[PDB]
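Peer 1: My questions will all concern the structure given below.
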Amino acid sequence: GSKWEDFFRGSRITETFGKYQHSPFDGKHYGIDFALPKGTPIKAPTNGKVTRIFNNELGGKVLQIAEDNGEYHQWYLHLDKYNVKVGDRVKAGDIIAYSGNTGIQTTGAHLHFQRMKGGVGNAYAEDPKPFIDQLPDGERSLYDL
Ligand SMILES: [Zn+2]
């Protein structure tokens, strides 16, 4: 009826690239965290091809993609469902998966996008922010809201 209005505040990002707290014991986040409703399709930011597909006990489901120059990598943690297989070519704006609260103990879902160069792992990560900064629809080149 009359009452429905949103308790909105700020943008959808939980955490960007950097340390969790002061002191050296709470380490670095190597990605970007888009808070999403469960079942939202994740879109390809760039044209590329799938390298690896696997499921982690604490990070949930994981998709790995490679860019067309072959040096840059793209991780996608906290998926409900895949829309591609290993060895599929993709094109920017195409659905590659759907995000869901997999790995997460109680909290709502967030797409963890992790951007890497020369290989894949924490040390290979660069920064996702300046990459999204040039995309056709920005962060909406990665999700369907
Ligand atoms: Zn994250």
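By order of appearance in the structure tokens: chains A, B, ..., then residues from 1 within every chain, and ligands from 1 in the order shown.
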Let me have all residues with an atom within 9 Å of ligand 1, counting only C-alpha atoms and all ligand atoms, laid out as a PyMOL selection string.

Peer 2: chain A and resi 14-17+29-34+59+77-78+110-114

Peer 1: Save out the residues we just selected, N, CA, C and O atoms, as an mmCIF file, in the first residue's frame.

Peer 2:
```
data_model
loop_
_atom_site.group_PDB
_atom_site.id
_atom_site.type_symbol
_atom_site.label_atom_id
_atom_site.label_comp_id
_atom_site.auth_asym_id
_atom_site.auth_seq_id
_atom_site.Cartn_x
_atom_site.Cartn_y
_atom_site.Cartn_z
ATOM 1 N N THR A 14 30.742 -3.134 -0.309
ATOM 2 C CA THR A 14 31.123 -3.384 1.096
ATOM 3 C C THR A 14 32.564 -3.010 1.434
ATOM 4 O O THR A 14 32.811 -2.248 2.371
ATOM 5 N N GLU A 15 33.514 -3.500 0.633
ATOM 6 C CA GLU A 15 34.954 -3.249 0.737
ATOM 7 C C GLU A 15 35.638 -3.221 -0.641
ATOM 8 O O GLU A 15 35.355 -4.038 -1.524
ATOM 9 N N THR A 16 36.567 -2.279 -0.800
ATOM 10 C CA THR A 16 37.499 -2.141 -1.933
ATOM 11 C C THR A 16 38.882 -2.731 -1.588
ATOM 12 O O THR A 16 39.032 -3.422 -0.573
ATOM 13 N N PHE A 17 39.898 -2.528 -2.430
ATOM 14 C CA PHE A 17 41.206 -3.189 -2.324
ATOM 15 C C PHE A 17 41.994 -2.506 -1.181
ATOM 16 O O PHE A 17 42.216 -1.290 -1.215
ATOM 17 N N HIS A 29 42.288 -7.239 1.566
ATOM 18 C CA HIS A 29 41.276 -7.591 0.574
ATOM 19 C C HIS A 29 41.852 -7.320 -0.821
ATOM 20 O O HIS A 29 42.231 -6.180 -1.098
ATOM 21 N N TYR A 30 41.914 -8.328 -1.696
ATOM 22 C CA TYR A 30 42.521 -8.213 -3.030
ATOM 23 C C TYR A 30 41.508 -7.981 -4.174
ATOM 24 O O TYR A 30 41.750 -8.337 -5.328
ATOM 25 N N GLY A 31 40.339 -7.411 -3.862
ATOM 26 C CA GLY A 31 39.227 -7.258 -4.806
ATOM 27 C C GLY A 31 38.228 -6.151 -4.450
ATOM 28 O O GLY A 31 38.510 -5.264 -3.645
ATOM 29 N N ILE A 32 37.046 -6.220 -5.063
ATOM 30 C CA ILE A 32 35.890 -5.328 -4.879
ATOM 31 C C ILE A 32 34.663 -6.177 -4.499
ATOM 32 O O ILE A 32 34.439 -7.219 -5.109
ATOM 33 N N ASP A 33 33.891 -5.752 -3.496
ATOM 34 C CA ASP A 33 32.700 -6.465 -2.985
ATOM 35 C C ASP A 33 31.340 -5.811 -3.285
ATOM 36 O O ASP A 33 30.880 -4.989 -2.496
ATOM 37 N N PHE A 34 30.684 -6.166 -4.395
ATOM 38 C CA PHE A 34 29.327 -5.697 -4.728
ATOM 39 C C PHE A 34 28.224 -6.443 -3.974
ATOM 40 O O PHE A 34 27.930 -7.586 -4.315
ATOM 41 N N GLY A 59 35.013 -19.257 0.602
ATOM 42 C CA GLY A 59 34.746 -18.250 -0.437
ATOM 43 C C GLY A 59 33.557 -18.578 -1.354
ATOM 44 O O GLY A 59 33.177 -17.756 -2.184
ATOM 45 N N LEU A 77 34.078 -14.628 -6.987
ATOM 46 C CA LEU A 77 33.697 -15.390 -5.783
ATOM 47 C C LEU A 77 32.240 -15.083 -5.363
ATOM 48 O O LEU A 77 31.694 -14.034 -5.715
ATOM 49 N N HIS A 78 31.644 -15.976 -4.560
ATOM 50 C CA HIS A 78 30.249 -15.931 -4.077
ATOM 51 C C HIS A 78 29.194 -16.011 -5.199
ATOM 52 O O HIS A 78 28.327 -15.143 -5.375
ATOM 53 N N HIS A 110 27.293 -11.070 -1.726
ATOM 54 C CA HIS A 110 28.108 -10.031 -2.362
ATOM 55 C C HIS A 110 29.078 -10.608 -3.418
ATOM 56 O O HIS A 110 29.895 -11.471 -3.096
ATOM 57 N N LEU A 111 29.026 -10.126 -4.667
ATOM 58 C CA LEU A 111 29.964 -10.512 -5.732
ATOM 59 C C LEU A 111 31.355 -9.949 -5.424
ATOM 60 O O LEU A 111 31.551 -8.732 -5.424
ATOM 61 N N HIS A 112 32.324 -10.835 -5.191
ATOM 62 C CA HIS A 112 33.733 -10.473 -5.007
ATOM 63 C C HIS A 112 34.489 -10.597 -6.332
ATOM 64 O O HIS A 112 34.845 -11.701 -6.753
ATOM 65 N N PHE A 113 34.694 -9.456 -6.996
ATOM 66 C CA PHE A 113 35.526 -9.317 -8.192
ATOM 67 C C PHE A 113 37.001 -9.010 -7.908
ATOM 68 O O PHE A 113 37.330 -7.949 -7.368
ATOM 69 N N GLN A 114 37.890 -9.942 -8.252
ATOM 70 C CA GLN A 114 39.334 -9.848 -8.011
ATOM 71 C C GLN A 114 40.135 -9.859 -9.321
ATOM 72 O O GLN A 114 40.109 -10.830 -10.072
#
```

Peer 1: Show which residues sit within 8 Å of residue A:141, as JSON, numbers by chain. Count only C-alpha atoms, and ignore same-chain residues fewer than 3 positions away.

Peer 2: {"A": [43, 44, 45, 92, 93, 135, 136, 137, 138]}

Peer 1: Rounded to one decimal place, report the atom CA of residue A:53-atom CA of residue A:66 distance in Å.

Peer 2: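 That distance, rounded to one decimal, is 12.1 Å.
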
Peer 1: Need to verify the contact set: residue A:126, 8 Å, only C-alpha atoms, exclusion of same-chain residues closer than 6 positions in sequence. Can you return it as a PyMOL selection string?

Peer 2: chain A and resi 30+115-117

Peer 1: Could you turn the residues from that selection into a file that holds C-alpha atoms, as a CSV table (one decimal), in the first residue's frame?

Peer 2:
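Done, and the output landed in part_19.csv:
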```
chain,number,residue,atom,x,y,z
A,30,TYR,CA,42.5,-8.2,-3.0
A,115,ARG,CA,41.6,-8.5,-10.8
A,116,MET,CA,45.1,-10.1,-11.4
A,117,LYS,CA,48.1,-9.8,-13.9
```

Peer 1: Contacts of stretch 60-62 of chain A at 10 Å or less, counting only C-alpha atoms, minus same-chain residues fewer than 4 places along, as a list in words?

Peer 2: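 After dropping sequence-adjacent residues, the list is residues 52, 53, 54, 55, 56, 75, 76, 77, 78, 79, 80, 81, 82, 97, 99, 100, 101, 102, 103, 104 and 112 of chain A.
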
Peer 1: Next, write the just-selected residues to a file, as a CSV table (one decimal), in the first residue's frame, keeping N, CA and C atoms as the atom set.

Peer 2:
```csv
chain,number,residue,atom,x,y,z
A,52,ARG,N,39.2,-21.5,-15.5
A,52,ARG,CA,39.1,-22.4,-14.4
A,52,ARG,C,37.7,-22.2,-13.7
A,53,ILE,N,37.1,-23.2,-13.1
A,53,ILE,CA,35.8,-23.2,-12.4
A,53,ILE,C,35.9,-24.2,-11.2
A,54,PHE,N,35.7,-23.7,-10.0
A,54,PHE,CA,35.9,-24.4,-8.7
A,54,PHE,C,35.1,-23.9,-7.6
A,55,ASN,N,34.9,-24.7,-6.5
A,55,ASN,CA,34.1,-24.3,-5.3
A,55,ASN,C,34.9,-24.5,-4.0
A,56,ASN,N,35.0,-23.4,-3.3
A,56,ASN,CA,35.9,-23.2,-2.1
A,56,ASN,C,35.0,-23.2,-0.8
A,75,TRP,N,38.8,-13.1,-11.2
A,75,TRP,CA,38.1,-14.0,-10.3
A,75,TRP,C,36.7,-13.4,-9.9
A,76,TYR,N,35.7,-14.3,-9.7
A,76,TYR,CA,34.3,-14.1,-9.4
A,76,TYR,C,33.9,-15.1,-8.2
A,77,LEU,N,34.1,-14.6,-7.0
A,77,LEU,CA,33.7,-15.4,-5.8
A,77,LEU,C,32.2,-15.1,-5.4
A,78,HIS,N,31.6,-16.0,-4.6
A,78,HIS,CA,30.2,-15.9,-4.1
A,78,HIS,C,29.2,-16.0,-5.2
A,79,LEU,N,29.3,-17.1,-6.0
A,79,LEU,CA,28.3,-17.4,-7.0
A,79,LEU,C,27.3,-18.5,-6.5
A,80,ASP,N,26.0,-18.4,-6.9
A,80,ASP,CA,25.0,-19.4,-6.7
A,80,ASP,C,25.1,-20.5,-7.8
A,81,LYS,N,25.2,-20.0,-9.1
A,81,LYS,CA,25.2,-20.7,-10.3
A,81,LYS,C,26.1,-20.2,-11.4
A,82,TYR,N,26.7,-21.1,-12.2
A,82,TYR,CA,27.5,-20.7,-13.4
A,82,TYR,C,26.6,-20.5,-14.6
A,97,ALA,N,27.6,-15.9,-14.8
A,97,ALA,CA,27.1,-16.6,-13.6
A,97,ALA,C,26.0,-15.8,-12.9
A,99,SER,N,25.1,-14.5,-8.8
A,99,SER,CA,25.6,-14.4,-7.4
A,99,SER,C,24.7,-14.9,-6.4
A,100,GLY,N,25.2,-15.5,-5.3
A,100,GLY,CA,24.5,-16.1,-4.2
A,100,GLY,C,25.4,-16.2,-2.9
A,101,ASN,N,24.8,-16.3,-1.8
A,101,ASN,CA,25.4,-16.3,-0.5
A,101,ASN,C,26.2,-17.6,-0.1
A,102,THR,N,26.8,-18.2,-1.1
A,102,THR,CA,27.7,-19.4,-1.0
A,102,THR,C,29.0,-19.0,-0.3
A,103,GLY,N,29.5,-19.9,0.5
A,103,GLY,CA,30.6,-19.7,1.5
A,103,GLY,C,30.2,-18.9,2.7
A,104,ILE,N,29.4,-17.9,2.6
A,104,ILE,CA,28.9,-17.0,3.7
A,104,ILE,C,28.1,-17.7,4.7
A,112,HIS,N,32.3,-10.8,-5.2
A,112,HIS,CA,33.7,-10.5,-5.0
A,112,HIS,C,34.5,-10.6,-6.3
```

Peer 1: List every residue of stretch 57-133 of chain A that DSSP, applied to the backbone of this structure, assigns to alpha helix (DSSP H), and report them as a list in words.

Peer 2: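 Restricting stretch 57-133 of chain A to alpha helix (DSSP H) produces residues 129, 130, 131 and 132 of chain A.
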
Peer 1: By how many Å are atom CA of residue A:84 and atom CA of residue A:143 apart?

Peer 2: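 The value is 15.3 Å.
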